[PDB]
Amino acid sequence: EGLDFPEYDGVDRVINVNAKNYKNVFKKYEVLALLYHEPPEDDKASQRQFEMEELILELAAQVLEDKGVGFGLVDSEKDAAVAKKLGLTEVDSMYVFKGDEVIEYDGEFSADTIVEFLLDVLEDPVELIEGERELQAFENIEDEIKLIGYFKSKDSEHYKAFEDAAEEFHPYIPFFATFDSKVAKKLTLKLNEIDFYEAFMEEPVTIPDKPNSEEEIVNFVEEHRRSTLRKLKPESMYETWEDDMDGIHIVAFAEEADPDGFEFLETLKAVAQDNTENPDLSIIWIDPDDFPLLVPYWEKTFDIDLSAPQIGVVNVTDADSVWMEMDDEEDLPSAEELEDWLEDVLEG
């Protein structure tokens, strides 16, 4: 008899966090994920929706039990006093507490993404570059903002300020550091210098006025928080989509694992690089392979075939959209053709 794969065991591990136990709960767990939620309305549908959300947390709780991650619920009415003491303000959101750090979760509510997120939370906020493999891994990061600094040692005042700033964006924005002058020469970094890499960009921008305090780094990252080309990721999809440019998003569908999707993606990078100075411009790359449960909805709402690359303009108010025509029997449009089509659409 072969041993079974792991399965959900039906044992309840999600804690009802209330005024009587919330102090004891925070002492038991190093990392604690709390769902701050309104009580479900009396209709059956609202109870089923909450029933689903709680079981998703139960699954994540079973997977992360051995690593010491706790899961809890905070009722916005029954536990209003707990919400005030913990700083839980945005209802129906999940808050992650890692010691004396509070991390808000801005992603899809599924066991997959929540578990991957919390595993990232558990890691140290700064990743150290020592060997060639670590340096090569840093250079190959392109689908997200990244920062790298060169400091004298882990005990440098300027590294500790860099580490304090990394905790503010943990674990969404990767922070990298080196204390090796050879690695710093390969990255063209002076001592206490921090290079900021916009997503999908080759040239970094140096944070000015080095050495940088924690506040200088935090102010710089927030000011450059929106890259010209951004990828929609499950762990941060709601944050990205709410940062629209005056009510619209330019949306591009491209399956990276597909040869046409890959070619179209390389064109999108060229478009973004050629317009990287434009502050208002926001292009969102969606890989439909990352969101299989939304593909039927997207194909119906936008009247497009996601088996092929697509690009359009979406109105965030009503989901009204317009999508560029592309005939697959010929070459995909060049960056010049894409820029031309976007100009005419946006001119209206």
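All residue numbers are counted from 1 along the displayed sequence.
Quick check: 278 to 286 versus 295 to 303, which has the larger average CA B-factor in the record?
According to the PDB entry, the answer is 278 to 286.
Output the stretch having the higher mean C-alpha B factor in the entry; the candidates are 8 to 16 and 321 to 329.
According to the PDB entry, the answer is 321 to 329.
Between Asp92, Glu144, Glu127, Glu223, where does the Cα B-factor run highest in the record?
It is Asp92.
From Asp244, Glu216, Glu123, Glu255, can you pick the one with the highest C-alpha B factor in the entry?
That would be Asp244.
Relative to the other modelled residues in the chain, which third contains the C-alpha temperature factor of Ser236: lowest, middle or highest?
Middle third - that is where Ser236 ends up once the chain's C-alpha B-factors are sorted.
Select lowest, middle or highest to describe the third in which the CA B-factor of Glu108 falls within its chain in this entry.
Answer is middle: the recorded C-alpha B-factor places it there.
Looking at the C-alpha B-factor of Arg230, is it in the lowest, middle or highest third of its chain?
Within its chain, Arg230 is a lowest-third residue by C-alpha B-factor, going by the deposited values.
How does the C-alpha B factor of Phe97 compare with the rest of the chain: lowest, middle or highest third?
As the PDB entry reports it, the C-alpha B-factor of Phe97 lands in the middle third of its chain.
Position of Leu34 among the chain's modelled residues by C-alpha B-factor, lowest, middle or highest third
For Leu34, the deposited C-alpha B-factor lands in the middle third.
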